[PDB]
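Report on the following structure.
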Amino acid sequence: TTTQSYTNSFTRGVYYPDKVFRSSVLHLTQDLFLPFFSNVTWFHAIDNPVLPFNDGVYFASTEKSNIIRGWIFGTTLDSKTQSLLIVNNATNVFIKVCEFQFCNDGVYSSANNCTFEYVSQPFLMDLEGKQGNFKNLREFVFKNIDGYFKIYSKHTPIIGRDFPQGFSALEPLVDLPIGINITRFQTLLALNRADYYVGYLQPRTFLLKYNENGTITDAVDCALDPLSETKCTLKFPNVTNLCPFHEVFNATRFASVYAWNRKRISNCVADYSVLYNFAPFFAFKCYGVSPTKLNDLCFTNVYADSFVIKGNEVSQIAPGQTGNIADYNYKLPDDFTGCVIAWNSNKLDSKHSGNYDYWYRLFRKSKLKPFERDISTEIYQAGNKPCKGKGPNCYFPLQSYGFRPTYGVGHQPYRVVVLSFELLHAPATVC
Ligand SMILES: *[C@@H]1O[C@H](CO)[C@@H](O[C@@H]2O[C@H](CO)[C@@H](O)[C@H](O)[C@@H]2O)[C@H](O)[C@H]1NC(C)=O
Ligand SMILES: *[C@@H]1O[C@H](CO)[C@@H](O)[C@H](O)[C@H]1NC(C)=O
Ligand SMILES: *[C@@H]1O[C@H](CO)[C@@H](O)[C@H](O)[C@H]1NC(C)=O
Ligand SMILES: *[C@@H]1O[C@H](CO)[C@@H](O)[C@H](O)[C@H]1NC(C)=O
Ligand SMILES: *[C@@H]1O[C@H](CO)[C@@H](O)[C@H](O)[C@H]1NC(C)=O
Ligand SMILES: *[C@@H]1O[C@H](CO)[C@@H](O)[C@H](O)[C@H]1NC(C)=O
Ligand SMILES: *[C@@H]1O[C@H](CO)[C@@H](O)[C@H](O)[C@H]1NC(C)=O
């Protein structure tokens, strides 16, 4: 079973917003943070309630050695939507993104459209002074800002008070881009023959005091108390491996725009001159960076979203645009920093007697959020009758991009690959 008693969080759950060292400074940040004094649910164990996930979750736990392994994320937690899994097995982790089926207790039996996994050093550290009284308190913070699942942690012992209220910062451990939809949240247990602290983050403005050593000593909220609000107001590397752009441009089944195959590029040397050779460029509209000055810049990560679309939709693809593709199929974010590449390909998307392999979505319940995929076949509703049967007033969502060797250029196949560069203060992986 379990219990759902409520307690107070006090001044707890503040993590270094960036990776920028600061000294004798009173830097003010706006991001997701756990509100000061803000209602954290303390649970027990002796079944395992699936907790809602929104705007990140603050998770703390006090245990003897180990009874909590990891966490599960995703939506509907079934074999119809991709899901996460972060079990800290033994002295390592097991992070992965896969459409997990079920276990109802080997935590999954899914080996389908999965892979896309990330392993790393274990997130569980325990030390004892020859005695078990050293009940170290493990605090974690997770968030899913436009994917890029972020994870923060900090282990601190000498827990003489239930949920110490003293200040404690949180250091990041790993930042892997899952790029999925997360709404639910669940936790794993262990075996044997008082923990589960859970708080939710909300968008707040924090004012943080930084020590000369960079350690965050004190922080004050700016939306909690009149005094707090007033106080707030007054306050290239050793790489030679050429990037796989070759395959990116030498693929044969650049997917349809309804499933934009995103390709992450890292640990490589990006000489775009090869990118200039596998494509008589018809459109090289770069927004965040000048294409001439691309060989003197270092990007922490590069994303190569590849999809073939029609001619007008090439002009459609741009930051802040409109159309049946820019709303329901692929929406580039407004502050895009990257390049779009669209050369012609009427030799691989054509044949006599025709071809209709490709696809696109004219019918979605809402607009597509920036960099989000929506692969699903649901009949669009009309009137007040939910169909899923197909016909008038009952429409299938995606209609075909049937390509043939003889259309006008406005209808001719256009191979589009869009590069999303990362120009932000962080370890440079691509140069
Ligand atoms: C910031 O860094 C200083 C230089 O390392 C710290 O001073 C030291 O403190 C350690 C023990 O904490 C001593 O062993 C050493 O001799 C020296 O005095 C200083 O404490 C630290 N300030 C912090 C962590 O707030
Ligand atoms: C906060 O916790 C108190 C004590 O259990 C409870 O009465 C109150 O309703 C909680 N507020 C919210 C919004 O959860
Ligand atoms: C946990 O599972 C991962 C799966 O890749 C494995 O690499 C790791 O070695 C395991 N943990 C251990 C044995 O410490
Ligand atoms: C994987 O997804 C494709 C469509 O994207 C679907 O046809 C296929 O059945 C899926 N496989 C599984 C079971 O994950
Ligand atoms: C994440 O989950 C919801 C429900 O599954 C889904 O509609 C959407 O992709 C995400 N949330 C919203 C409303 O943006
Ligand atoms: C490259 O190797 C040299 C020699 O070992 C080392 O000093 C340097 O720090 C390395 N650079 C990077 C970015 O790893
Ligand atoms: C792909 O094939 C070879 C490399 O295998 C290359 O010469 C050719 O230009 C490539 N074609 C395109 C369109 O990228």
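Indices start at 1 and increase along the chain as displayed.
According to its header, the structure was obtained by electron microscopy, 3.7 Å.
Cβ coordinates come from backbone N, Cα and C, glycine included.
Swiss-Prot assigns the feature region 'Disordered' to residues 121-133, out of the candidate ranges 69-81, 121-133. Looking up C431 in Swiss-Prot gives a disulphide bond whose other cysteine, out of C268, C286, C298, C339, is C298. In sequence order, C431 are the recorded positions from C98, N113, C387, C431 with a C-alpha within 10 Å of the C-alpha of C268 (disulfide bond). Highlighted here are the recorded positions (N89, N238, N250, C268) whose C-beta falls below 6 Å from ligand 7: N250, in sequence order. Cα-Cα distance from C222 (disulfide bond) to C243 (disulfide bond): 45 Å (rounded to the nearest whole number). Spanning 9 unmodelled residues, the straight-line distance from the Cα of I46 to the Cα of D47 measures 9 Å.
Residues 11, 14, 16, 21-24, 28, 33, 35-37, 167, 169, 204-205 of the same chain lie 6+ residues outside the region 'Putative superantigen' (211-232) yet bring a C-beta within less than 8 angstroms of a C-beta in it. Gap in the deposited chain: 24 residues are missing between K235 and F236, whose Cα atoms are separated by 39 Å.
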